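These protein sequences, in sequence, are chains A, B, C, D, E, F, G and H. Under my numbering, the first residue of the first sequence carries the number 1, and numbering increases by one thereafter. Under my numbering, the first residue of the second sequence carries the number 1, and numbering increases by one thereafter. Under my numbering, the first residue of the third sequence carries the number 1, and numbering increases by one thereafter. Under my numbering, the first residue of the fourth sequence carries the number 1, and numbering increases by one thereafter. Under my numbering, the first residue of the fifth sequence carries the number 1, and numbering increases by one thereafter. Under my numbering, the first residue of the sixth sequence carries the number 1, and numbering increases by one thereafter. Under my numbering, the first residue of the seventh sequence carries the number 1, and numbering increases by one thereafter. Under my numbering, the first residue of the eighth sequence carries the number 1, and numbering increases by one thereafter. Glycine included, every Cβ here is placed at the ideal spot set by N, Cα and C. Everything below concerns the one structure shown next.
There are 8 protein chains.
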Amino acid sequence: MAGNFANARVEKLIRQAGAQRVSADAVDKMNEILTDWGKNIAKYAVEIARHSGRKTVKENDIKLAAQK
Amino acid sequence: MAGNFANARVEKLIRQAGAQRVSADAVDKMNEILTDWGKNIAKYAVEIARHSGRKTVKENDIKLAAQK
Amino acid sequence: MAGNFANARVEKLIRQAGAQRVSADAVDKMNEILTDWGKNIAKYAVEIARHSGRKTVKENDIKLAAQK
Amino acid sequence: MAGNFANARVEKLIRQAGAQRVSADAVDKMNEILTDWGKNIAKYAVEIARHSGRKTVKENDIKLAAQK
Amino acid sequence: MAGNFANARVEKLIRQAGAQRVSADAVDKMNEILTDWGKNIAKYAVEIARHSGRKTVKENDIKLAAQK
Amino acid sequence: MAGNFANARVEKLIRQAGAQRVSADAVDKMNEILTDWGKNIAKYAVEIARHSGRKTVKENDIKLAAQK
Amino acid sequence: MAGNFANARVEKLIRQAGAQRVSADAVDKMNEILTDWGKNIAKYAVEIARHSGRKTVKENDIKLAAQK
Amino acid sequence: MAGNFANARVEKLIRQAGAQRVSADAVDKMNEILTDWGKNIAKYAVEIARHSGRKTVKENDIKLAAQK
DNA sequence: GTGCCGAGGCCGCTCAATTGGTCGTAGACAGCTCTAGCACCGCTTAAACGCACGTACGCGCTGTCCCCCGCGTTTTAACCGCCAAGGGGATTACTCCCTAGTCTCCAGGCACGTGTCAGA
DNA sequence: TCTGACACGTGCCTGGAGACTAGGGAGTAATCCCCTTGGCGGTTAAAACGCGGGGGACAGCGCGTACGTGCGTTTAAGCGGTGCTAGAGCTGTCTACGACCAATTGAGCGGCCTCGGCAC
């Protein structure tokens, strides 16, 4: 519920940033920080989609929500 | 390289934010925006870890890099 | 509290940047903008130092906080 | 020219941000980082003042240059 | 809304930079990167024009906003 | 050669940024500033594509070139 | 330390340039110039490698960065 | 080769710049690049010194030859 | 308010990667002992702040004319489709040639004793 | 011409740069076959320029803000030195990540329907 993404994908991201070693707690904390920040953008994008008069969230509503 | 996470996971997050329908272009854009922002936090967490004299990125380095 | 630096020092900076004349209201606004931006870098450098396990803010912590 | 502000004023700023102890090399580095960022805002505020048709830098200008 | 310029125009620019072949995905990403950077210069040029006391954005307002 | 894009499209961009009136000399200067900054990104994306050993410029080459 | 090469080798280079005497100040300035020009090439060498797919920055990567 | 930096110290420079693996050919080319730029600076630095009516090469001379 | 077609929802398979277990051993934390370098208090001088007078610049008022907005016709191109091919990609073998542990050596690096060598 | 501050050369103590000899990670040619770009042709759409009306931007004089100079008072910042707190370096214990391996969860990809999104 706190980490929505797969741990192996969040770990690959921290290793491509240059991390020589990555603690499983750091993978769990990065998963939580990506999930929380993603839920915030998606919640605001859903309100932009409905203000625009549509049920579907589309690329422009994610792009505009991220620029807030 | 552009979208690090699995699309069905990023889609589940947008549907739990309340979306009634989700365009595949919104799933791809959210995957890119999460990847870019996650790489920014991870790259700075790695410089904090190496400054604390450690090779391992740990929970505290991710927490501190996100509050920047 | 709003302008931490001496006004004659902030005025000397705006005059060395090329200003032919400097209004007292521009010296006070620059003093506030330097105080606010300096407090933001120092507050994160103190958290960068306490994470490293030290009480003393050193050149490396200010350098790392300014690159955030 | 390297550090424009008074060292005891830059140190008081780092101590009000919460630092328990401050290294003299951190006071000099903060003085350099404030001087460099202050010269960037003053140099662009002087070009805004001159574009507006005036010799005097005024509060308005420093406000517009800082938001760049 | 994401790509303001004509695709055949963005593509001619990439082919004049020396590209032997250009992916349609690269034309649409270049169009988005030019549109976002152009909107940022124009938004700040509009604030420079209004600070100068005018409604009309002129050559000097675009030139000053780009040097920021 | 100095302005690659259509003037009516560069003008639409400055009007969508909030401009109440836009001078023809500002449309031409914005067209030149977008063309020059666009040629710089495209020249570096062509070199990234050729280092990677491919004649085709692709989305990842434009994305990596713009982040420089 | 600002020098990547050993001070004695920066001094030996100044002597090969015809200087009958080289000040300790000239040795430190030479070390800094070689450090700056070195890092500015190494960064581009790392980019050439990562772009070609290879993890090893080979001889081509150095020659290509020195002209880039 | 005929380099000024020590071979394993030109190598340490490339690795310290971020190299994951360094080809022993690039160690040699880096040493050549540092040697060539070194001589090209020393010759001009020696001329500027002899012009100023001094014999001991000083920081000022190298600082000016590098800024040219 | 009405018609049409984008393009997402829903479904079923399977294979590809994720999560879980257990082993090895690299690394991170705690503890001792010493040195680095900071906080405190003190002196005295630098230079900051605040007048008071002067006068340069700025902000208005307003009246010319610059030059942009609206409206419009023309035709120059950008978008699209269909058809052809070249290219880039994934899957493979073989052979580079760097990482690695182990090693000897050249010459890097700091101190001691002298005259250099830059100035009014 | 007239001339006195403080850095430099040569030796000793010391180490990290140079160099294997070998293992095997990853670099880079082969090839086969989908992806997807180039290419040619048609056509409407939307970009350019042209005229007319008039909104607002640029210049000129007046008046009055308010910044510059010069000066005095004094409150700070700076530099020394004391003296003691905390950070660094070495070392040892032990914790927890990298690694290989299993196996089954669940993500991706068509293929078929029809809800709602886009223009008139």
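For residue i, the three-state DSSP class (helix, strand or coil)
{"i": "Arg21 (chain G)", "result": "strand"}
Best match in the options for proximity to residue i [C-alpha to C-alpha]
{"i": "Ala49 (chain E)", "options": "F:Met30, F:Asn31, F:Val22", "result": "F:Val22"}
{"i": "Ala19 (chain A)", "options": "B:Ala6, B:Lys68, B:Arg54, B:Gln67", "result": "B:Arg54"}
{"i": "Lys63 (chain C)", "options": "C:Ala45, C:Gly3, C:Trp37", "result": "C:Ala45"}
{"i": "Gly3 (chain C)", "options": "C:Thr35, C:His51, C:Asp61, C:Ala24", "result": "C:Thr35"}
{"i": "residue 73 (chain A)", "options": "B:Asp61, B:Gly38, B:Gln67, B:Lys68", "result": "Residue 73 (chain A) lies beyond the residue range present for chain A, which begins at 1 and ends at 68; the question has no answer from this structure."}
{"i": "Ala26 (chain D)", "options": "C:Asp61, C:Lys68, C:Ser52", "result": "C:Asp61"}
{"i": "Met1 (chain B)", "options": "G:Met1, G:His51, G:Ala8", "result": "G:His51"}
Assumed close pair residue i, residue j - CB separation to whole angstroms, cut-off 8 Å
{"i": "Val10 (chain H)", "j": "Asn31 (chain H)", "result": "4 Å"}
{"i": "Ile14 (chain E)", "j": "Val57 (chain F)", "result": "6 Å"}
{"i": "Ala17 (chain C)", "j": "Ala42 (chain D)", "result": "3 Å"}
{"i": "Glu59 (chain D)", "j": "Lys29 (chain C)", "result": "5 Å"}
{"i": "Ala6 (chain C)", "j": "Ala24 (chain D)", "result": "With 8 Å as the limit, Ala6 (chain C) and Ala24 (chain D) do not qualify as a contact, their Cβ atoms being about 20 Å apart."}
Proximal chain F residues relative to residue i, where beta-carbon distance stays under 8 Å
{"i": "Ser52 (chain G)", "result": "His51, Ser52, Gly53"}
{"i": "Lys39 (chain E)", "result": "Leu13, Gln16, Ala17"}
Within chain E, the residues that residue i reaches when beta carbons sit closer than 7 Å
{"i": "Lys12 (chain F)", "result": "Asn4"}
{"i": "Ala26 (chain F)", "result": "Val57, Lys58, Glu59, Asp61, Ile62"}
Element boundaries [alpha helix (DSSP H), containing residue i]
{"i": "residue 73 (chain E)", "result": "With chain E represented from 1 up to 68, any question about residue 73 (chain E) goes unanswered, as that position is not in the structure."}
{"i": "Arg9 (chain H)", "result": "7–16"}
Chain-ordered chain D contacts of residue i [CB-CB under 8 Å]
{"i": "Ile48 (chain E)", "result": "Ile48, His51, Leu64"}
Proximity test, residue i beta-carbon vs the ligand HEM heavy atom, cut-off 7 Å
{"i": "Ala26 (chain D)", "result": "Within the structure as shown, the ligand HEM is missing, as the structure has no ligands at all."}
Contact set between residue i and chain B, taken where Cβ atoms lie within less than 7 Å
{"i": "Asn60 (chain C)", "result": "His51"}
Residues that residue i contacts on chain F, provided the C-beta gap is smaller than 7 Å
{"i": "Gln20 (chain E)", "result": "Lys55"}
Proximal chain A residues relative to residue i, where beta-carbon distance stays under 8 Å
{"i": "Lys68 (chain B)", "result": "Those do not exist, as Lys68 (chain B) stays about 12 Å from chain A at its closest Cβ, beyond 8 Å."}
Cross-chain neighbours of residue i in chain G, by beta carbon under 7 Å
{"i": "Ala8 (chain H)", "result": "Those within 7 Å of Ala8 (chain H) in chain G number zero; the least Cβ separation is about 11 Å."}
Listed by chain order, chain A residues near residue i by CB distance under 9 Å
{"i": "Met1 (chain E)", "result": "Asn60, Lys63, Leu64"}
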